[PDB]
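>>> quick one, structure for this:
(4 chains)
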Number of protein chains: 4
Amino acid sequence: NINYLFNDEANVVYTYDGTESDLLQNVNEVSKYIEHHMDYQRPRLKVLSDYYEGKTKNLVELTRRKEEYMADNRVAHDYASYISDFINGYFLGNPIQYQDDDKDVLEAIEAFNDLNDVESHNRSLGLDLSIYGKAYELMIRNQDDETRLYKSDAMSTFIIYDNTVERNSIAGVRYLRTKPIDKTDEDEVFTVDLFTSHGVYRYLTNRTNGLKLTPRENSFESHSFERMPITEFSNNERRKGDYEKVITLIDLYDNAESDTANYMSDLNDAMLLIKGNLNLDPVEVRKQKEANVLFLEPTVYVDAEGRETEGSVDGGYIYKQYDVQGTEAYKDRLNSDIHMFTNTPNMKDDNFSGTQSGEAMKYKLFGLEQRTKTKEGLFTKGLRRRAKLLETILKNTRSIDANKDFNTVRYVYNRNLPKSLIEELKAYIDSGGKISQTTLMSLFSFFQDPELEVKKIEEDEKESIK
Amino acid sequence: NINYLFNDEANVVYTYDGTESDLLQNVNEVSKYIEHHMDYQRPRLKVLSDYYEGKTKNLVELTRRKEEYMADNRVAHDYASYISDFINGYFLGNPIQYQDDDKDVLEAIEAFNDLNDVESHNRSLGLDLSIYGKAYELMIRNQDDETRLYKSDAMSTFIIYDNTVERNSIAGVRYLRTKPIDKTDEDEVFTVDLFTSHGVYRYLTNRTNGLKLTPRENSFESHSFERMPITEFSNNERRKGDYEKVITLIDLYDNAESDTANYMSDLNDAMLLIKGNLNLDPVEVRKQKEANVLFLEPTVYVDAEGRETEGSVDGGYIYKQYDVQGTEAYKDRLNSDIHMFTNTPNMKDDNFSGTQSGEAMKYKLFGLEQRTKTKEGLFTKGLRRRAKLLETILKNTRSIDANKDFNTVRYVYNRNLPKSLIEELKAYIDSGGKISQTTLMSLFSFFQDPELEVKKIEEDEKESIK
Amino acid sequence: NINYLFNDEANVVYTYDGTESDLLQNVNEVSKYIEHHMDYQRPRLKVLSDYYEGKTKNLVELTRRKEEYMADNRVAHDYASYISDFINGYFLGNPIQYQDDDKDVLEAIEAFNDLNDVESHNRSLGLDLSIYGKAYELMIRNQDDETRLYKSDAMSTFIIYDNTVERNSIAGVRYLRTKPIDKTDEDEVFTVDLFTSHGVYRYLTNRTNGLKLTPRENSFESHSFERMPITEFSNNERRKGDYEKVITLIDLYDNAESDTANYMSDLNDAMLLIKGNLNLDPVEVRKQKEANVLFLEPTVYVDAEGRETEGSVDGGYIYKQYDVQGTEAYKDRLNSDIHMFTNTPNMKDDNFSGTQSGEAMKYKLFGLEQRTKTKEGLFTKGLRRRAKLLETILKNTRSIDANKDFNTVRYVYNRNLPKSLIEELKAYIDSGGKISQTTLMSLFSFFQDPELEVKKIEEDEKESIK
Amino acid sequence: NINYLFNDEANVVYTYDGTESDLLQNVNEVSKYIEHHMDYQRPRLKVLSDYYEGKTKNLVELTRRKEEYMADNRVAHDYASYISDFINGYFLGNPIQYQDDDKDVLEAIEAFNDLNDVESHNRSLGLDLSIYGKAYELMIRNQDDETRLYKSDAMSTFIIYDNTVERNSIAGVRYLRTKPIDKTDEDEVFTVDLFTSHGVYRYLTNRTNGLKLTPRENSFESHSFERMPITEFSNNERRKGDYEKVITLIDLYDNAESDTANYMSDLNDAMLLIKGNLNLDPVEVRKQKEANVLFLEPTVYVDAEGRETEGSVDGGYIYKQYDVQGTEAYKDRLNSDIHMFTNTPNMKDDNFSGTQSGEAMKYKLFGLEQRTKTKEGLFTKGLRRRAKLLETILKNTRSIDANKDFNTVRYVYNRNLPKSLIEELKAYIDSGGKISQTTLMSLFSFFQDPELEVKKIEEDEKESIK
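Residues are numbered from 1 along each chain as shown, chains lettered A, B, ... in the order given. Below you will find the coordinate block:
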C-alpha cells in the first residue's frame, strides 16, 4: 500500500500551459493525463476505497502459512468506515442554510436545491471528501430543459488547470470502463468525456492502443454554461483523506489481532502430562474425564547383581499461556493512537457523567472542530462556483434578470450536535419569544392530533362561560 | 464466507446500455443478469441472512474432531440480530410524520398510508436495509381496483438501470423457486416476473436449460403507473449491511467461546494423584469419598546382600487450570470491538447514573446518529419515488386533479428515544400551552374512566354552590 | 534531517546593500540568492513539508534488515498534522473583524475581503505559518482590471531586504519548475519572476548553466502598486515552525513503535516445548490441538554391565514476553513531551468534569495563548501592509479619494473556543439587550420556518380579541 | 557551556572614566570594549540564543560512539523556548495602557505608539529580556522627518556608562558583520556605529587589524536628541535570563533521554534461547514463527566402556529489561526541578477542577508574579527614557510646546490572564454600569450584523403600537 499512498506522483494536480483551444487542438495531450491518472493516481484512490469497504490488506495478502490443520484467521477491523461516517456526519449532518437579501435569488436557489435534493447530495460529497480527500460534482442542462446536479466518482474524474497563480480550470475528464457482466477480452474499452467551457467532447479509447482518443459517434455536444461545469471540492489544502495517515496503524492492529487469533486456534489450552516408563492403556485414557484417582506405579528395574530400583513417575496439568499485559498494552496503544490522530473520541476512555450533553461534546470534539473550520471554508469555495454556474444558466434561459449577482448568498453551517428541546424552549421563552399554540403542540408527541386539541380547548373555554 | 461477502462482483449494480424496448427485444440479456445474480450476489445475501438467523459458520462447519467421548460444543452468539434490531428500532421505531400544505394531497397520502399499514411496512424495509444493506418495495394496482404496497425479498429481486449519470431504472426482476413440500427433481423451476415502465412480463425458467425465459401462459399484464414500480432503498452509498464488516469478529468470538467449552468438557477438574509401588485395592478406592486418613506404606526392597531400603510414595491433588487473564482479555477485546465498530453501546462498560435518561442516550448514540442521518436521506429519496408512483396512478384514475404535485410533502423523522411525559408536561405548560381536561386525564392511568370523572367533577362544582 | 533543520544557513534572511536599481543592474546577484535558496533553505522547508504529509523519516529511510521471513513494520505517526491543524484552528478559526471610523474605507476593505474570500485566505496563510514558520502573499492587478490576492508557496518564494535597521524589502523572487507529467531530461528549467517596486521581470533559467537569468519573452510587466507586492508573514521572531523542534521526539516515537511491531511480528507467541530422547511422530504432533493427555515415556539405557537407567523427559509451554512497564513508560514520556513542548493538550491525561466548557479550555490552552498573542501581533503587522497596498492601488485608480489613510483600521481577533448560545442569551438579556422576534427565532432550530411562525402568532393574537 | 555562561567577565557592565568628548578623542578605547564584547560577552549570549532555537549541547557535541550498526539518538528538548514564550506572554501579552492628565501629551504619545506599533515592539523587547536578560532599543529621526523606534540585537549592541554612582550612559556601540551569501576570506569586516549624545560616528573594522576604527565614508551624522539614543532594558538587577540557570538541568534531561533511546535502539527486545549440543538447521529456524511444538532431542554420548548418557538441552525466551522505576523517578525529578526553578506550572502534576479559571491561575502563578513585579519596575524605568527622548525631539521640532513634561505619564500593566466576559458583564451591570445597545451586541457573536438588528428592533417596537 504505502508505495501507492505516499508516492509523490499519486497526488499531483494537473496543469496545462496552453489555452483550452490549444488543448482541443492536439487532444493527444489529454491522453497523457489519462495515462498518468490510471498509472499513479487511481491506484491510491483504490487503496483508500478498499479500506472504506473493509477490504484491508490483512484480508487480501496471502499468508506463507497455508495447510490443513492450520487456519487463516484473517480479520479486518473497519476503522476507516467508523472514522469517515463520524467525521462526515459531524460536518454535514445538519444541512447548510442559505441566506440572501434578494428573495428573487433565494427562491431560485432553494428551488434548485429542492429539485436536486441538495441535502443528500452535499452529504454524499462530504463523504467523498472524507474518504479520498477530494470530490467532484457535474452540473448539466438535462433533457426536459432542466438543471441537474450529480456527484462524479473520484476514481474516474480529474481536472486540468491553468498554469497561472490564478489556477483556473481548463478542462475536465470523465472516463468509464464498459465492462459486461459476462466476459473480458484482450482489449477493454474506456469511454472518455472531455468537458470544456463550451461543450463536452465524447471519445472511445482502450489502454492497448495507448489510450488513443478517437471521437465517438455524435461526439461534440454544446452546453449553455460559460465555464467548465465540473467542480472540485477538497478536504484540505493537500487533498488528503481523514484516515489516510493512520492506515499503517490500522494494519498493525489487524496483525496484532489476527496473530492472537492464531495463537488461540493453534495451541492446546491444557493437557494432562504423565511422565515415566509406564503402561498406559490407550482405552483407559478415554476414561480420564470420569476418573477421580490417578495411580502411577513405577517400573522396578532389577540389576544383574540383584538390586531393585524404581523408575520416576510424574503427573500434572500444563496449560497454554501468553504475555497478556504487554499485548494488551500494545493494542491499547494502537487503538488510542488511531483515535488521537483522527481526533475521534476514544470509546474505551470516554466516560460521561450525564451532565451537559451538548457542552460535553463541544469539549470532546474541539480538535475535530479545528479541522472542520478549514474544511468548511473550502466547501463554501465550491458552493460559490456551483452558484455561479446556476446563475449563468438561469440568465442564459431568461429565467432570471441579468442584474442578479448570486455572490450575495451566505452559507450558514450548523454542526450536528445533540440539542435539548426542553432547555431550548426554556431559553427561547425566557428570552421573550412567542409560539403559536399549534406550533408549540407540534413539538410534543403526547398530543395524538394537535388539530383536534384546539377544538377541545375551544369547548373547555366555551362551556366555562355558562 | 469471506470469499462471498467481499468478492467484488457480489455487490455490483446492473446497468444496461439500451432502452427498455431494446431489452424487451432480445430478452435473452435478462437471463444473464439472473445468472449473475444467482452466481455472485445471492450467495452474499444468503451469508448475511444466515447470520441474522443465528446460523453462523461455527454451527454449520464441521469439526475434524468427531468421535464418542468427544463433543461438538458448537455455539453461535446471535450478535447480528442484536445489532440489526437495535439499529432499525432506533431509526424507524417512531413513525415518519407526513406534512403538506395542500390537504387534498395529504388526505390521499394518509389514506394510502392507513390502508397499507405503512408504519409496519417502513419498519420491515428498514430491517432489510440493516441486514442486507438494500431493500425493495413493489406497488401494484390490485384487483378490487385498489393500490397496494408490499416489500419484495432482496434474495430474489434486482433492478437494471440506465448507463447514464442520471441512472434511471430500466427494468425490475423478481424470480421465485416453485419448491414442493414433498420432493425435488433433476430440474427445478424458477418463475420470473420482469417489470417495466408499462407492464410486467411473466416467464418460466430453470437453471438446467440456461435460464431460458419462455413466456408463461397469460404472460404480459398492463399496469397504470408510467414508470417501473419497484423501488430500491439503500442503507448507504455502498449498499453494505450494518454488521457485514464485523462478521469476522463474530466468528472469532464463536471460536474463542466454543474452544473454552471444549476445554471445560474434555479435561477433568481435579484428581487425587497417588504415586509409588503400592497395592491399591480397586474396591477401596471407591471409599475415597468417605476416607479421612490416607495411609501410604512404602515397599521395602531387600538387596541380595541383605540391605533394606524404602520405595518412594506420594499423594496429593492435581487440578485443571488455564490462562483466564489472557483469554478474558481477548474475549473482552473482541466484544468491545464488535460494539465499537457497530456503534452499539457496550453493556459491560455502559453504567448509568440515573440522571437524564434522554440526554444520556443522545450522548451514547452520537455515532449511530451520524450514520443514521445519511440513512435518513437515502430513505427519503425512496419515499419520494413511492409518492410519485402514487400521484401518477391517482391522476390516472381521476382520484385527484392533475394539478397536484406531491413533491411538496415533507417527511419528518423522530428518533426512538425515551421521553418523560411529566417533564414534557412541565415544559409544555411552562411554555403557556393549553390542554383540555379530557386530553389531560387521558395521559394519566390512575383515572379508571376519564369519561365519568368529568361528571363527578360537575357534581362537586354544582353542589358547592348551595 | 537534523543536518537540514538546524543548519545555520537554512534560516538566514537575505539582505542586499544596494538599491533596487543597483540590483536590476547586474541581475546576476539575484541568481546567487536563488542558488542559496535551493541549496540551503528549500531542503529545510522540504523536510518540514514531508512531516506534515506524514512522510516521516521512518518511512523513507531503509532498514538494513530486509529479507523474506522478515518484515518492514515501517509506521509514521502524523503528529505534525495533528499539531498544526489544532494550532491554526485555534488562532484563525474565527475570522478577523475589521473596524474603522470611516465607512468609505471600511466598505472598500470589506468588498475586497469579500471578493478575495479573505477568511479562507487568512486560514491558508496561518497554516503555512504553523508548518514552515513563514508564509508569503502576492497581490496583483488582474485582467478585468480587478485586485486579487493569492498565497505564494514558501518552497518557491523569498524576499531580499534593505541592509538598514529599517529593513525594507527590495525585491521578491518566485521560481517554479516546469515539469512535464511525462519525462525529465539532462536539463530542467525554472521560470523566475522577480518582483520590484515598479514591476515584475520574468526570466528563464536552469541549474545546469548556473541559474543564468535570461529574459523570457515579454519579460517586463508594469504594476500600479508603488512598493514590492509580496508580503511576508512570520510565525515568530525566528520564523520557526510550531512542530519543528519536536521532530526528534516524533522520530523517537516512530522507532519505539515500529520496533515493538517487529517484536510482535518476528517471534512466536507460545510453544509447547518437549525435551528428551523420544520418538515423536511428525504426524502425531499435528493432533496436538485435539490432545488431552500428553504421555512421555523415557528411553531406558542398558549398560554393558546390564544396568538399566532412564533418560530425562520434560514437557511444558514457553511464551514470548517483553518489558512492558519500561517501554510503556518510555513511550508515555515521549508522547507527553511532544504535547508539552507544543502546548497541545495531552488526550491521555486530559479528562473533563463536564462543568464550564469555555473556561476549562481557556485554562488548558493558557500557554498556547501566550504564544498566539505574539503571533497575532506579527500577523497584524502583515495585514497592515496588505491594507497599504490596497489603498495605494485604489487611489491609483481613483476608486477612493487620496485623503483616506487606511491605518485607522483595527483588526479584532477572537479565539476559536466553544460558546454556549443559551448562556450567552441569558447574559445578553439579563444585561438588558433587545432582540427582534425574527432574529431570536433564527437562533433555534425547532422552528421549521421562522417566516410563517410570525403569521401564526398574528392569528393567535388576533382571534383572542374576539 | 558553563565556562561561558558563568564566567565573571561575561556579564560585566562597561564604564569609562572620561567624558564623551574624552572618548571621541582617542576612539581607540572603544575598540577595546568591542574586543571584550566579542571575546567574553557575545559567547554567552550565543549560548543562550542557541538554547532558545533548540540547538542544545546534546545536538552539537559529538559522541565518541560513532559507527555503522550504532546510532546517534541525539535529541533536544526545547525547554528554553517553552519557558521564555510563557513568561513573556504573561508579562507583556496585554499591552501597557498610557494615562496622562494632559491630552496634549497623551495624543502625541499615542500617535507615536500607533506609528511605531509599540505593542509588538514591547513584546519583542520583553522576549529579549527573557532570553538574554537584557535588550536594547534605538530611536532615530528618519528620512521623511519622522520618529522611528527599533529593537537592536543584543548580540551586537552594548553601552558605555559614567563611572559615577549616577551611572549615566556615555556612548552606545552597534557592530555588524558584512557577510556575503557566497564566501568568507582571510579578513572579515565589521561595520561599527558609535552613538553619542550629539550624533553617530560610523567606522569600518576587522578583527585581523585589531579592530582598528577607521572612519567609513560619510562617517559623522547629527541627530536632534540631546542624549544618547540607545536605551537598555534589564530583566533584573543582574541582567540574567529566565532559563539561564536551569540550562544544566536541561542538558541532564537531554542526556537522560538520549541514553534511553540508545538502550531501546541497540539491544534486542526478546530472543528464543536454545542451549545444548544440538543440530539446528539454519533453514528450519526461519519456520520459528509458524512453529507450535519445539522438540529438543539431546545428544547421547557413548563411553569407551559402553555407557550411554544424555547431554543437556534447554529452551526458553529471554527479554531485554531496565530499571524503569529509578529512571522515571530521576527524569520526573529533573522535569519538576526545571518547572519549579523557572516558576512555570508543572503540566504533569497540574490538574484543574474546572472551577475559577482566573483565581486558579493567580494562585498557580504567584511566584512568577513576584518576579514580574520587579521586571515591571525595570521596564517602566526604560519606558520613561523612551518618553524623555520623544519629548526632547518633539520640542526640538516645535511639534509640542516646551512647557510639557512627559514624566506625568503613568504606565498601567495588566497581566495576561483569562477573563470571563459573562461574569465580567454580571459584575459591571450589578455595579450599576450602563452599556449602549450597539456596544452590548458587539460582545456577542450570535448577532450576524449588530447594525441591522437595531432596525429590526425598531420595526418590532413600531408595529406593536398599532
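
>>> neighbours around the closest residue to chain B within the stretch 101-250 of chain A, how many?
Of all residues in the stretch 101-250 of chain A, the one sitting closest to chain B is residue A:120 (3.9 Å; CB to the nearest CB). In short, each C-beta sits where N, CA and C put it, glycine included. By other CB atoms under 10 Å in any protein chain shown, the residues close to residue A:120 number 17.

>>> now residue A:113
Quick note: residue A:113 (other CB under 10 Å) scores 18 neighbours.

>>> name the SS class of it, please.
Here residue A:113 is recorded as helix under DSSP: H, G, I helix; E, B strand; the rest coil.

>>> pretty sure it contacts residue A:98?
Yes. The pair residue A:113 and residue A:98 passes the contact test of CB atoms under 8 Å, sitting 7.2 Å apart.

>>> helix or strand next in line after the lengthiest helix in chain A, which one?
Counting residues, the longest helix in chain A under DSSP state H turns out to be helix A:366-395. Sequence-wise, the next helix or strand downstream of helix A:366-395 (DSSP states H and E) is strand A:410-412.

>>> so what strands line up beside that following strand?
Here strand A:410-412 is paired, per DSSP bridges, with strand A:97-99 (antiparallel).

>>> re earlier: got a list of what the residue of the stretch 101-250 of chain A closest to chain B touches?
Applying CB atoms under 8 Å, 6 or more residues apart in numbering or on different chains to residue A:120 gives the contacts B:377, B:378, B:380, B:381.

>>> and the first one, how many neighbours?
So that's residue B:377. Residue B:377 has 19 nearby residues by other CB under 10 Å.

>>> ok, now which ones touch it?
Counted by CB under 8 Å, 6+ apart, residue B:377 has contacts A:117, A:119, A:120, A:123.

>>> distance to residue A:310 and secondary structure added to the residues you listed, as CSV?
What follows is these, written out as CSV (distance: CB to CB, whole Å; DSSP: H, G, I helix; E, B strand; the rest coil):
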residue, distance to residue A:310, secondary structure
A:117, 89, coil
A:119, 87, helix
A:120, 84, helix
A:123, 81, helix
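
>>> which two of these have the greatest separation?
A:117 and A:123 (10.2 Å; CB to CB).

>>> more crowded one of those two?
residue A:123 (22 against 15).

>>> hmm, the more buried one is touching residue B:375, no?
No. Assessed by CB under 8 Å, residue A:123 is found out of contact with residue B:375, at 10.5 Å.

>>> just to revisit the earlier point, any chance of the contacts of residue B:377 in CSV, plus distance to residue B:14?
CSV is the format used below for the contacts of residue B:377 (distance: CB to CB, whole Å):
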residue, distance to residue B:14
A:117, 23
A:119, 28
A:120, 22
A:123, 25
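
>>> thinking again about what came up before, give me the distance between the residue of the stretch 101-250 of chain A closest to chain B and residue B:376.
Applying CB to CB, to the nearest Å, the value for residue A:120 to residue B:376 is 9 Å.

>>> cool, residue A:5 as well?
33 Å.

>>> what of residue A:254?
32 Å.

>>> how many neighbours does the residue lying closest to residue A:365 once chain neighbours are set aside have?
Leaving aside its chain neighbours, residue A:365 sits nearest to residue A:90 (6.8 Å; criterion: CB to CB, 6 or more residues apart in numbering or on different chains). Residues lying near residue A:90 (other CB under 10 Å) number 24.

>>> please, which helix or strand holds residue A:90?
Following DSSP H and E, one finds residue A:90 within helix A:79-92.

>>> the stretch 1-150 of chain A against chain D: which residues are in contact?
A:64, A:65, A:70 (CB under 8 Å from any CB of the partner chain).
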